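Okay, run_4.pdb now, which holds PDB, C-alpha atoms (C1' of nucleotides) and all ligand atoms:
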```pdb
ATOM      1  CA  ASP R   5      27.786  -9.161 -35.060  1.00  0.00           C
ATOM      2  CA  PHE R   6      27.658 -10.074 -31.351  1.00  0.00           C
ATOM      3  CA  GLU R   7      25.328  -8.251 -28.981  1.00  0.00           C
ATOM      4  CA  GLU R   8      26.302  -8.117 -25.304  1.00  0.00           C
ATOM      5  CA  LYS R   9      23.926  -8.079 -22.359  1.00  0.00           C
ATOM      6  CA  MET R  10      24.845  -7.561 -18.710  1.00  0.00           C
ATOM      7  CA  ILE R  11      22.869 -10.005 -16.547  1.00  0.00           C
ATOM      8  CA  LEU R  12      24.152  -8.464 -13.310  1.00  0.00           C
ATOM      9  CA  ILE R  13      26.975  -6.895 -11.342  1.00  0.00           C
ATOM     10  CA  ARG R  14      27.617  -7.530  -7.641  1.00  0.00           C
ATOM     11  CA  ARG R  15      30.030  -5.773  -5.291  1.00  0.00           C
ATOM     12  CA  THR R  16      31.535  -8.646  -3.221  1.00  0.00           C
ATOM     13  CA  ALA R  17      33.755  -7.927  -0.169  1.00  0.00           C
ATOM     14  CA  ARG R  18      36.796  -9.521   1.510  1.00  0.00           C
ATOM     15  CA  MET R  19      38.546  -8.814   4.834  1.00  0.00           C
ATOM     16  CA  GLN R  20      42.009  -7.690   5.913  1.00  0.00           C
ATOM     17  CA  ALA R  21      43.415  -6.245   9.114  1.00  0.00           C
ATOM     18  CA  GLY R  22      42.225  -2.762   8.321  1.00  0.00           C
ATOM     19  CA  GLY R  23      38.867  -3.276   6.665  1.00  0.00           C
ATOM     20  CA  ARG R  24      36.958  -4.660   3.700  1.00  0.00           C
ATOM     21  CA  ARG R  25      38.378  -5.119   0.208  1.00  0.00           C
ATOM     22  CA  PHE R  26      35.932  -5.131  -2.674  1.00  0.00           C
ATOM     23  CA  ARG R  27      35.883  -6.801  -6.071  1.00  0.00           C
ATOM     24  CA  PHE R  28      33.273  -6.703  -8.768  1.00  0.00           C
ATOM     25  CA  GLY R  29      31.535  -9.616 -10.359  1.00  0.00           C
ATOM     26  CA  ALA R  30      29.972  -9.353 -13.807  1.00  0.00           C
ATOM     27  CA  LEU R  31      27.710 -11.798 -15.663  1.00  0.00           C
ATOM     28  CA  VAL R  32      27.552 -11.026 -19.369  1.00  0.00           C
ATOM     29  CA  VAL R  33      25.637 -12.656 -22.213  1.00  0.00           C
ATOM     30  CA  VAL R  34      26.703 -12.488 -25.819  1.00  0.00           C
ATOM     31  CA  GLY R  35      24.943 -13.653 -28.942  1.00  0.00           C
ATOM     32  CA  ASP R  36      24.203 -13.055 -32.616  1.00  0.00           C
ATOM     33  CA  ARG R  37      20.443 -13.494 -32.194  1.00  0.00           C
ATOM     34  CA  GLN R  38      20.996 -16.120 -34.855  1.00  0.00           C
ATOM     35  CA  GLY R  39      21.699 -19.304 -32.915  1.00  0.00           C
ATOM     36  CA  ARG R  40      24.880 -18.381 -31.040  1.00  0.00           C
ATOM     37  CA  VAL R  41      24.983 -17.459 -27.336  1.00  0.00           C
ATOM     38  CA  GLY R  42      27.814 -17.214 -24.853  1.00  0.00           C
ATOM     39  CA  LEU R  43      27.934 -16.634 -21.088  1.00  0.00           C
ATOM     40  CA  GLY R  44      30.667 -14.862 -19.232  1.00  0.00           C
ATOM     41  CA  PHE R  45      31.347 -14.143 -15.579  1.00  0.00           C
ATOM     42  CA  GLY R  46      34.373 -12.032 -14.851  1.00  0.00           C
ATOM     43  CA  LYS R  47      35.506 -10.125 -11.816  1.00  0.00           C
ATOM     44  CA  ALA R  48      37.978  -7.318 -11.288  1.00  0.00           C
ATOM     45  CA  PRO R  49      39.008  -4.391  -9.035  1.00  0.00           C
ATOM     46  CA  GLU R  50      36.644  -2.126 -10.968  1.00  0.00           C
ATOM     47  CA  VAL R  51      33.292  -2.739 -12.716  1.00  0.00           C
ATOM     48  CA  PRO R  52      34.339  -1.825 -16.271  1.00  0.00           C
ATOM     49  CA  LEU R  53      37.430  -3.987 -16.138  1.00  0.00           C
ATOM     50  CA  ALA R  54      35.150  -6.743 -14.834  1.00  0.00           C
ATOM     51  CA  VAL R  55      32.456  -6.377 -17.453  1.00  0.00           C
ATOM     52  CA  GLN R  56      35.003  -6.293 -20.257  1.00  0.00           C
ATOM     53  CA  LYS R  57      36.597  -9.366 -18.739  1.00  0.00           C
ATOM     54  CA  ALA R  58      33.148 -11.011 -18.686  1.00  0.00           C
ATOM     55  CA  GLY R  59      32.474 -10.175 -22.326  1.00  0.00           C
ATOM     56  CA  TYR R  60      35.881 -11.521 -23.229  1.00  0.00           C
ATOM     57  CA  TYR R  61      35.007 -14.737 -21.354  1.00  0.00           C
ATOM     58  CA  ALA R  62      31.558 -15.048 -22.923  1.00  0.00           C
ATOM     59  CA  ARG R  63      33.033 -15.297 -26.428  1.00  0.00           C
ATOM     60  CA  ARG R  64      35.218 -18.041 -24.998  1.00  0.00           C
ATOM     61  CA  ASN R  65      32.101 -19.992 -24.029  1.00  0.00           C
ATOM     62  CA  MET R  66      29.771 -20.398 -27.026  1.00  0.00           C
ATOM     63  CA  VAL R  67      26.690 -22.544 -27.518  1.00  0.00           C
ATOM     64  CA  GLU R  68      25.054 -23.527 -30.806  1.00  0.00           C
ATOM     65  CA  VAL R  69      21.292 -23.187 -30.149  1.00  0.00           C
ATOM     66  CA  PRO R  70      19.218 -25.193 -32.684  1.00  0.00           C
ATOM     67  CA  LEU R  71      16.594 -22.543 -33.357  1.00  0.00           C
ATOM     68  CA  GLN R  72      13.380 -23.690 -35.100  1.00  0.00           C
ATOM     69  CA  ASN R  73      10.798 -21.258 -36.378  1.00  0.00           C
ATOM     70  CA  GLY R  74      11.919 -19.213 -33.388  1.00  0.00           C
ATOM     71  CA  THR R  75      11.681 -21.824 -30.671  1.00  0.00           C
ATOM     72  CA  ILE R  76      13.548 -24.851 -29.328  1.00  0.00           C
ATOM     73  CA  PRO R  77      13.397 -28.446 -30.702  1.00  0.00           C
ATOM     74  CA  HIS R  78      11.895 -29.773 -27.475  1.00  0.00           C
ATOM     75  CA  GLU R  79      11.776 -29.423 -23.708  1.00  0.00           C
ATOM     76  CA  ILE R  80      14.698 -29.844 -21.335  1.00  0.00           C
ATOM     77  CA  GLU R  81      14.914 -29.329 -17.608  1.00  0.00           C
ATOM     78  CA  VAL R  82      18.437 -28.801 -16.310  1.00  0.00           C
ATOM     79  CA  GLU R  83      19.620 -28.630 -12.699  1.00  0.00           C
ATOM     80  CA  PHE R  84      22.751 -26.624 -11.968  1.00  0.00           C
ATOM     81  CA  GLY R  85      23.441 -27.010  -8.296  1.00  0.00           C
ATOM     82  CA  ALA R  86      20.287 -25.936  -6.527  1.00  0.00           C
ATOM     83  CA  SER R  87      18.901 -24.023  -9.470  1.00  0.00           C
ATOM     84  CA  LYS R  88      16.715 -25.840 -11.942  1.00  0.00           C
ATOM     85  CA  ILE R  89      15.625 -24.404 -15.251  1.00  0.00           C
ATOM     86  CA  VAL R  90      12.739 -25.507 -17.410  1.00  0.00           C
ATOM     87  CA  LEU R  91      12.641 -24.776 -21.115  1.00  0.00           C
ATOM     88  CA  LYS R  92       9.452 -25.622 -23.015  1.00  0.00           C
ATOM     89  CA  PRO R  93       8.954 -25.108 -26.775  1.00  0.00           C
ATOM     90  CA  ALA R  94       6.275 -22.665 -27.875  1.00  0.00           C
ATOM     91  CA  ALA R  95       4.413 -21.487 -30.970  1.00  0.00           C
ATOM     92  CA  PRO R  96       4.927 -18.063 -32.617  1.00  0.00           C
ATOM     93  CA  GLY R  97       3.323 -14.989 -31.151  1.00  0.00           C
ATOM     94  CA  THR R  98       3.993 -16.485 -27.735  1.00  0.00           C
ATOM     95  CA  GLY R  99       7.160 -14.555 -27.079  1.00  0.00           C
ATOM     96  CA  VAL R 100       9.914 -15.211 -24.589  1.00  0.00           C
ATOM     97  CA  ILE R 101       8.128 -15.972 -21.354  1.00  0.00           C
ATOM     98  CA  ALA R 102      10.949 -16.074 -18.857  1.00  0.00           C
ATOM     99  CA  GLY R 103      12.664 -14.444 -15.953  1.00  0.00           C
ATOM    100  CA  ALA R 104      15.210 -11.744 -16.729  1.00  0.00           C
ATOM    101  CA  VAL R 105      18.216 -14.047 -16.589  1.00  0.00           C
ATOM    102  CA  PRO R 106      16.994 -16.881 -18.839  1.00  0.00           C
ATOM    103  CA  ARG R 107      15.484 -14.250 -21.109  1.00  0.00           C
ATOM    104  CA  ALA R 108      18.613 -12.221 -21.848  1.00  0.00           C
ATOM    105  CA  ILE R 109      20.250 -15.480 -22.873  1.00  0.00           C
ATOM    106  CA  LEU R 110      17.360 -16.929 -24.852  1.00  0.00           C
ATOM    107  CA  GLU R 111      16.907 -13.601 -26.629  1.00  0.00           C
ATOM    108  CA  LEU R 112      20.527 -13.142 -27.688  1.00  0.00           C
ATOM    109  CA  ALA R 113      20.432 -16.817 -28.625  1.00  0.00           C
ATOM    110  CA  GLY R 114      17.947 -16.182 -31.375  1.00  0.00           C
ATOM    111  CA  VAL R 115      15.088 -17.792 -29.434  1.00  0.00           C
ATOM    112  CA  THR R 116      11.866 -15.900 -29.989  1.00  0.00           C
ATOM    113  CA  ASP R 117       8.975 -18.010 -28.648  1.00  0.00           C
ATOM    114  CA  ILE R 118       9.585 -20.128 -25.546  1.00  0.00           C
ATOM    115  CA  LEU R 119       7.993 -21.192 -22.244  1.00  0.00           C
ATOM    116  CA  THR R 120      10.356 -20.958 -19.272  1.00  0.00           C
ATOM    117  CA  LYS R 121      10.322 -21.621 -15.542  1.00  0.00           C
ATOM    118  CA  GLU R 122      12.827 -21.081 -12.727  1.00  0.00           C
ATOM    119  CA  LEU R 123      12.631 -23.693  -9.986  1.00  0.00           C
ATOM    120  CA  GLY R 124      14.857 -24.377  -6.997  1.00  0.00           C
ATOM    121  CA  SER R 125      17.405 -21.755  -6.072  1.00  0.00           C
ATOM    122  CA  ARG R 126      16.655 -18.622  -8.065  1.00  0.00           C
ATOM    123  CA  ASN R 127      20.332 -17.673  -7.832  1.00  0.00           C
ATOM    124  CA  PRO R 128      20.952 -15.682 -11.062  1.00  0.00           C
ATOM    125  CA  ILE R 129      24.427 -16.985 -11.424  1.00  0.00           C
ATOM    126  CA  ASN R 130      23.484 -20.658 -11.234  1.00  0.00           C
ATOM    127  CA  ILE R 131      20.269 -20.112 -13.128  1.00  0.00           C
ATOM    128  CA  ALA R 132      22.205 -18.617 -16.028  1.00  0.00           C
ATOM    129  CA  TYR R 133      24.612 -21.533 -15.859  1.00  0.00           C
ATOM    130  CA  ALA R 134      21.658 -23.871 -15.686  1.00  0.00           C
ATOM    131  CA  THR R 135      20.295 -22.280 -18.855  1.00  0.00           C
ATOM    132  CA  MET R 136      23.424 -22.623 -20.982  1.00  0.00           C
ATOM    133  CA  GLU R 137      23.541 -26.260 -19.936  1.00  0.00           C
ATOM    134  CA  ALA R 138      19.928 -26.679 -21.048  1.00  0.00           C
ATOM    135  CA  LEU R 139      20.462 -25.130 -24.459  1.00  0.00           C
ATOM    136  CA  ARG R 140      23.807 -26.896 -24.861  1.00  0.00           C
ATOM    137  CA  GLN R 141      21.887 -30.148 -24.356  1.00  0.00           C
ATOM    138  CA  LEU R 142      19.185 -29.535 -26.955  1.00  0.00           C
ATOM    139  CA  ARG R 143      19.205 -32.150 -29.699  1.00  0.00           C
ATOM    140  CA  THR R 144      17.560 -32.372 -33.083  1.00  0.00           C
ATOM    141  CA  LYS R 145      15.678 -34.916 -35.158  1.00  0.00           C
ATOM    142  CA  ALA R 146      18.781 -35.075 -37.344  1.00  0.00           C
ATOM    143  CA  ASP R 147      20.968 -35.332 -34.235  1.00  0.00           C
ATOM    144  CA  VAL R 148      18.967 -38.183 -32.762  1.00  0.00           C
ATOM    145  CA  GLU R 149      18.836 -39.688 -36.223  1.00  0.00           C
ATOM    146  CA  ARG R 150      22.628 -39.551 -36.397  1.00  0.00           C
ATOM    147  CA  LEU R 151      22.936 -41.162 -32.944  1.00  0.00           C
ATOM    148  CA  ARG R 152      20.502 -43.989 -33.523  1.00  0.00           C
ATOM    149  CA  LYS R 153      21.408 -44.760 -37.142  1.00  0.00           C
ATOM    150  CA  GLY R 154      24.226 -47.170 -36.301  1.00  0.00           C
TER     151      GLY R 154
ATOM    152  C1'   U P   1      -1.735 -22.098 -27.853  1.00  0.00           C
ATOM    153  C1'   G P   2       0.491 -22.832 -22.290  1.00  0.00           C
ATOM    154  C1'   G P   3       4.337 -21.727 -17.064  1.00  0.00           C
ATOM    155  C1'   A P   4       8.734 -14.335 -15.918  1.00  0.00           C
ATOM    156  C1'   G P   5       9.905 -13.214 -10.857  1.00  0.00           C
ATOM    157  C1'   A P   6      11.717  -9.666  -6.999  1.00  0.00           C
ATOM    158  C1'   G P   7      13.189  -7.666  -1.624  1.00  0.00           C
ATOM    159  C1'   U P   8      15.031  -9.531   3.169  1.00  0.00           C
ATOM    160  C1'   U P   9      19.695 -13.837   7.568  1.00  0.00           C
ATOM    161  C1'   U P  10      26.340 -12.522   5.711  1.00  0.00           C
ATOM    162  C1'   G P  11      32.151  -8.471   6.078  1.00  0.00           C
ATOM    163  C1'   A P  12      31.355 -11.383   1.790  1.00  0.00           C
ATOM    164  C1'   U P  13      29.599 -16.631  -0.427  1.00  0.00           C
ATOM    165  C1'   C P  14      26.546 -20.991  -1.526  1.00  0.00           C
ATOM    166  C1'   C P  15      22.366 -23.443   0.533  1.00  0.00           C
ATOM    167  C1'   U P  16      18.240 -24.074   3.600  1.00  0.00           C
ATOM    168  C1'   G P  17      14.060 -21.490   5.052  1.00  0.00           C
ATOM    169  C1'   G P  18      10.129 -18.115   6.700  1.00  0.00           C
ATOM    170  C1'   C P  19       8.201 -13.168   5.891  1.00  0.00           C
ATOM    171  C1'   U P  20       6.969  -9.581   2.019  1.00  0.00           C
ATOM    172  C1'   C P  21       5.784  -7.304  -2.943  1.00  0.00           C
ATOM    173  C1'   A P  22       4.269  -7.176  -8.249  1.00  0.00           C
ATOM    174  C1'   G P  23      -1.216 -10.129 -10.818  1.00  0.00           C
ATOM    175  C1'   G P  24      -6.365 -11.442 -10.833  1.00  0.00           C
ATOM    176  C1'   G P  25     -11.067 -11.438  -8.229  1.00  0.00           C
ATOM    177  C1'   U P  26     -15.382  -9.359  -4.654  1.00  0.00           C
ATOM    178  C1'   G P  27     -23.224  -8.819  -3.142  1.00  0.00           C
ATOM    179  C1'   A P  28     -18.082  -5.052  -0.263  1.00  0.00           C
ATOM    180  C1'   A P  29     -17.071  -1.210   3.106  1.00  0.00           C
ATOM    181  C1'   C P  30     -14.197   3.377   4.386  1.00  0.00           C
ATOM    182  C1'   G P  31     -11.401   8.297   2.713  1.00  0.00           C
ATOM    183  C1'   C P  32     -10.521  12.367  -0.809  1.00  0.00           C
ATOM    184  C1'   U P  33     -13.351  13.225  -5.467  1.00  0.00           C
ATOM    185  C1'   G P  34     -17.553  13.048  -8.475  1.00  0.00           C
ATOM    186  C1'   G P  35     -20.578  15.032 -15.206  1.00  0.00           C
ATOM    187  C1'   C P  36     -24.095  11.869 -18.640  1.00  0.00           C
ATOM    188  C1'   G P  37     -26.176   7.110 -20.295  1.00  0.00           C
ATOM    189  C1'   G P  38     -27.077   1.617 -21.088  1.00  0.00           C
ATOM    190  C1'   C P  39     -27.186  -3.071 -18.795  1.00  0.00           C
ATOM    191  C1'   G P  40     -26.688  -5.439 -14.360  1.00  0.00           C
ATOM    192  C1'   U P  41     -26.655  -5.405  -9.167  1.00  0.00           C
ATOM    193  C1'   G P  42     -27.905  -3.846  -3.726  1.00  0.00           C
ATOM    194  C1'   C P  43     -29.182  -6.591   4.733  1.00  0.00           C
ATOM    195  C1'   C P  44     -23.026 -10.722   3.641  1.00  0.00           C
ATOM    196  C1'   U P  45     -25.172  -8.864  10.673  1.00  0.00           C
ATOM    197  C1'   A P  46     -30.491 -10.312  14.592  1.00  0.00           C
ATOM    198  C1'   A P  47     -34.199 -17.300  11.011  1.00  0.00           C
ATOM    199  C1'   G P  48     -34.229 -10.245  15.801  1.00  0.00           C
ATOM    200  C1'   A P  49     -38.884  -7.468  16.642  1.00  0.00           C
ATOM    201  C1'   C P  50     -42.528  -5.386  13.464  1.00  0.00           C
ATOM    202  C1'   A P  51     -47.134   0.003  12.780  1.00  0.00           C
ATOM    203  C1'   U P  52     -49.664   0.494   8.020  1.00  0.00           C
ATOM    204  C1'   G P  53     -51.415  -0.822   2.787  1.00  0.00           C
ATOM    205  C1'   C P  54     -51.210  -4.467  -0.931  1.00  0.00           C
ATOM    206  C1'   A P  55     -49.460  -9.788  -1.712  1.00  0.00           C
ATOM    207  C1'   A P  56     -55.566 -15.481  -3.857  1.00  0.00           C
ATOM    208  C1'   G P  57     -59.138 -15.898  -5.741  1.00  0.00           C
ATOM    209  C1'   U P  58     -62.880 -16.859  -9.175  1.00  0.00           C
ATOM    210  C1'   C P  59     -67.718 -19.112 -10.986  1.00  0.00           C
ATOM    211  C1'   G P  60     -75.456 -16.867 -11.601  1.00  0.00           C
ATOM    212  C1'   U P  61     -73.813 -21.270 -17.659  1.00  0.00           C
ATOM    213  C1'   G P  62     -74.285 -25.986 -10.145  1.00  0.00           C
ATOM    214  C1'   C P  63     -78.205 -23.866  -6.046  1.00  0.00           C
ATOM    215  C1'   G P  64     -81.758 -21.390  -2.825  1.00  0.00           C
ATOM    216  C1'   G P  65     -82.237 -17.035  -0.520  1.00  0.00           C
ATOM    217  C1'   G P  66     -81.911 -11.824   2.341  1.00  0.00           C
ATOM    218  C1'   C P  67     -81.932  -6.575   1.655  1.00  0.00           C
ATOM    219  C1'   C P  68     -82.874  -1.944  -1.662  1.00  0.00           C
ATOM    220  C1'   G P  69     -85.638  -0.772  -6.548  1.00  0.00           C
ATOM    221  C1'   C P  70     -88.626  -0.770 -11.136  1.00  0.00           C
ATOM    222  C1'   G P  71     -92.319  -3.256 -14.494  1.00  0.00           C
ATOM    223  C1'   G P  72     -96.529  -6.519 -15.694  1.00  0.00           C
ATOM    224  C1'   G P  73    -100.438  -9.870 -13.899  1.00  0.00           C
ATOM    225  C1'   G P  74    -105.295 -12.576 -10.790  1.00  0.00           C
ATOM    226  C1'   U P  75    -110.299  -7.914  -8.381  1.00  0.00           C
ATOM    227  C1'   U P  76    -115.198  -3.643  -9.095  1.00  0.00           C
TER     228        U P  76
HETATM  229 MG    MG R 201      23.569  -9.860  -1.277  1.00  0.00          MG
HETATM  230 MG    MG R 202      18.620 -30.434  -5.596  1.00  0.00          MG
HETATM  231 MG    MG R 203      15.978 -14.154 -13.760  1.00  0.00          MG
HETATM  232 MG    MG R 204      13.656 -21.557  -2.005  1.00  0.00          MG
HETATM  233 MG    MG R 205      23.142 -16.183  10.791  1.00  0.00          MG
HETATM  234 MG    MG R 206      23.877  -6.742   6.147  1.00  0.00          MG
HETATM  235 MG    MG R 207      31.571 -15.616   8.758  1.00  0.00          MG
HETATM  236 MG    MG R 208      13.439 -16.243  -0.153  1.00  0.00          MG
HETATM  237 MG    MG R 209     -30.385   1.098 -13.212  1.00  0.00          MG
HETATM  238 MG    MG R 210     -33.705  -2.237  -9.101  1.00  0.00          MG
HETATM  239 MG    MG R 211     -30.109 -12.923   5.731  1.00  0.00          MG
HETATM  240 MG    MG R 212     -33.855  -7.642   9.765  1.00  0.00          MG
HETATM  241 MG    MG R 213     -38.669 -13.525  12.438  1.00  0.00          MG
END
```

Now that the file is in, can you turn its structure into structure tokens?
Amino acid sequence: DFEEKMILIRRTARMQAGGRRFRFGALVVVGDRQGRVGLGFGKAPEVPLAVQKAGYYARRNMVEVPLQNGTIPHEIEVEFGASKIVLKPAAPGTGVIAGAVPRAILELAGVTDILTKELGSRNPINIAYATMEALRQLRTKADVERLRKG
RNA sequence: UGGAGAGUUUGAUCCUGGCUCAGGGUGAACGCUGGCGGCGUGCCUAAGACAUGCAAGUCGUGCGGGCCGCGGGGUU
């Protein structure tokens, strides 16, 4: 059903009289490679607990990606903080031309041919968030049609 | 029919921002190594200095000769 991908895991530290106190951050992608993708970022005392928490959170955050012959209905450029993502539609045979973060998402989203580009802050966390916002914003001829029918 | 990023400022974080790496190219050079062939290519520096040979001539159907030679004439 849903395939999970781990974007990254960081160790993060905090301070107390005595020393440092770690936590673990986990960014996890989940999708059915059939138009549904979810992002999840969970943290916990230990990695596993974190990951699991991430996965659990991903499923809580789903996006309905309007796949088309394997690509996206058009181009969007989304800015999440200092990270900017650029998604450009492509023909078949192209493949998923993207950095690891946007890829993992696009792939589990069902996207198969797409032109991508990371601009601004390359921060994986905000890039991944930038992506979901991009996809989430994709519209369709029918969608526009609906909106401008009035 | 066309576009991937990564490492590094912090105890940790986000940002800014420089440095650095992965790719492609070259009339190359250097090191270790070196079997065959085809096609290309080879002073990028002193437009510095050059031994030696060759690199622009040809025409007797424009012309008159010199030199070396043969043949035939005008005479007893
Ligand atoms: Mg770090
Ligand atoms: Mg900005
Ligand atoms: Mg990435
Ligand atoms: Mg930058
Ligand atoms: Mg500082
Ligand atoms: Mg440090
Ligand atoms: Mg501080
Ligand atoms: Mg940088
Ligand atoms: Mg040769
Ligand atoms: Mg030659
Ligand atoms: Mg020269
Ligand atoms: Mg010379
Ligand atoms: Mg000269």

Could you list, as a ChimeraX atom specification, every residue matched by the PyMOL selection byres ((chain R and not hetatm) within 6 of (chain P)) in this structure? /R:16-18,101-103

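Once the PyMOL selection byres (((not hetatm)) within 10 of (chain R and resi 208)) is applied to the depicted file, the selected set reads residues 125 and 126 of chain R; 6, 7, 8, 16, 17, 18, 19 and 20 of chain P.
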
Result set of the PyMOL selection byres (((not hetatm)) within 12 of (chain R and resi 211)) on the coordinates above, as a list in words: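 Against this file, the PyMOL selection byres (((not hetatm)) within 12 of (chain R and resi 211)) returns the residues residues 27, 43, 44, 45, 46, 47 and 48 of chain P.
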
Write out as an MDAnalysis selection string each polymer residue whose atoms come within 9 Å of residue R:78, counting all atoms listed in the file; drop sequence neighbours fewer than 5 positions from it. chainID R and resid 91:93 142:144

Keeping C-alpha atoms for every residue in the selection just given, could you write it to a file as an mmCIF file, keeping the file's coordinate frame?
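out-v8.cif was written with the following content:
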```cif
data_model
loop_
_atom_site.group_PDB
_atom_site.id
_atom_site.type_symbol
_atom_site.label_atom_id
_atom_site.label_comp_id
_atom_site.auth_asym_id
_atom_site.auth_seq_id
_atom_site.Cartn_x
_atom_site.Cartn_y
_atom_site.Cartn_z
ATOM 1 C CA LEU R 91 12.641 -24.776 -21.115
ATOM 2 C CA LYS R 92 9.452 -25.622 -23.015
ATOM 3 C CA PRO R 93 8.954 -25.108 -26.775
ATOM 4 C CA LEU R 142 19.185 -29.535 -26.955
ATOM 5 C CA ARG R 143 19.205 -32.150 -29.699
ATOM 6 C CA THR R 144 17.560 -32.372 -33.083
#
```

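Taking all atoms listed in the file into account, ligand MG 202 (chain R) has within 10 Å the residues residues 83, 84, 85, 86, 87, 88, 124 and 125 of chain R.
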
With a distance cut-off of 12 Å and all atoms listed in the file, select the neighbouring residues of residue R:72, excluding the residue or stretch itself and same-chain residues fewer than 6 positions from it, and output the selection as number ranges by chain. R: 38-39, 78, 93-96, 113-118, 142-145

To one decimal in Å, tell me the separation between atom CA of residue R:106 and atom CA of residue R:13. 16.0 Å

Identify, on the basis of only C-alpha atoms (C1' of nucleotides), every residue whose closest approach to residue R:48 does not exceed 9 Å; exclude the query and any residue fewer than 5 positions from it along the same chain; express the result as number ranges by chain. R: 27-30, 53-55, 57

One number please: atom CA of residue R:51 to atom CA of residue R:11, in Å, one decimal.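 Computed distance, atom CA of residue R:51 to atom CA of residue R:11, equals 13.3 Å.
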
Could you report the residues within 10 Å of ligand MG 210 (chain R), using only C-alpha atoms (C1' of nucleotides) and all ligand atoms, as a ChimeraX atom specification? /P:40-42

Atomic separation - atom CA of residue R:120 relative to atom CA of residue R:5, Å: 26.3 Å

From (18.5, -15.3, -12.2), in the file's coordinates, out to 8 Å: which residues are reached, counting all atoms listed in the file? Answer as a PyMOL selection string. chain R and resi 103-106+126-132

Tell me, as a PyMOL selection string, which residues lie within 9 Å of residue R:56, counting only C-alpha atoms (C1' of nucleotides); anything in the same chain fewer than 4 positions away does not count. chain R and resi 30+32+46+51-52+60-61

Fill-in result for stretch 23-35 of chain R, N, CA, C and O atoms as a tab-separated table (two decimals), in the frame of the given file:
```tsv
chain	number	residue	atom	x	y	z
R	23	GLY	N	40.23	-3.45	7.15
R	23	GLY	CA	38.87	-3.28	6.66
R	23	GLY	C	38.46	-4.24	5.57
R	23	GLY	O	39.05	-5.31	5.42
R	24	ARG	N	37.46	-3.84	4.80
R	24	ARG	CA	36.96	-4.66	3.70
R	24	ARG	C	37.71	-4.35	2.41
R	24	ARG	O	38.29	-3.28	2.25
R	25	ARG	N	37.70	-5.30	1.48
R	25	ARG	CA	38.38	-5.12	0.21
R	25	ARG	C	37.52	-5.68	-0.91
R	25	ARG	O	37.49	-6.89	-1.14
R	26	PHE	N	36.85	-4.78	-1.61
R	26	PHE	CA	35.93	-5.13	-2.67
R	26	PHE	C	36.48	-5.58	-4.02
R	26	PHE	O	37.62	-5.31	-4.38
R	27	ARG	N	35.62	-6.30	-4.74
R	27	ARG	CA	35.88	-6.80	-6.07
R	27	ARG	C	34.55	-6.67	-6.77
R	27	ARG	O	33.54	-6.43	-6.13
R	28	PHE	N	34.54	-6.81	-8.08
R	28	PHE	CA	33.27	-6.70	-8.77
R	28	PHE	C	33.05	-7.88	-9.67
R	28	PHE	O	33.93	-8.26	-10.43
R	29	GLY	N	31.87	-8.47	-9.54
R	29	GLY	CA	31.54	-9.62	-10.36
R	29	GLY	C	30.60	-9.17	-11.46
R	29	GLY	O	29.71	-8.34	-11.21
R	30	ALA	N	30.81	-9.70	-12.66
R	30	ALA	CA	29.97	-9.35	-13.81
R	30	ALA	C	29.55	-10.58	-14.62
R	30	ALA	O	30.39	-11.42	-15.00
R	31	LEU	N	28.25	-10.70	-14.86
R	31	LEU	CA	27.71	-11.80	-15.66
R	31	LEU	C	27.27	-11.17	-16.97
R	31	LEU	O	26.38	-10.30	-16.98
R	32	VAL	N	27.88	-11.59	-18.07
R	32	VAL	CA	27.55	-11.03	-19.37
R	32	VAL	C	27.18	-12.07	-20.41
R	32	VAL	O	27.83	-13.11	-20.52
R	33	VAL	N	26.12	-11.76	-21.16
R	33	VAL	CA	25.64	-12.66	-22.21
R	33	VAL	C	25.99	-12.07	-23.56
R	33	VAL	O	25.92	-10.86	-23.76
R	34	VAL	N	26.35	-12.94	-24.49
R	34	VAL	CA	26.70	-12.49	-25.82
R	34	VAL	C	26.12	-13.42	-26.86
R	34	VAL	O	26.21	-14.65	-26.74
R	35	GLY	N	25.53	-12.84	-27.90
R	35	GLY	CA	24.94	-13.65	-28.94
R	35	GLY	C	24.72	-12.89	-30.23
R	35	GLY	O	24.78	-11.66	-30.25
```
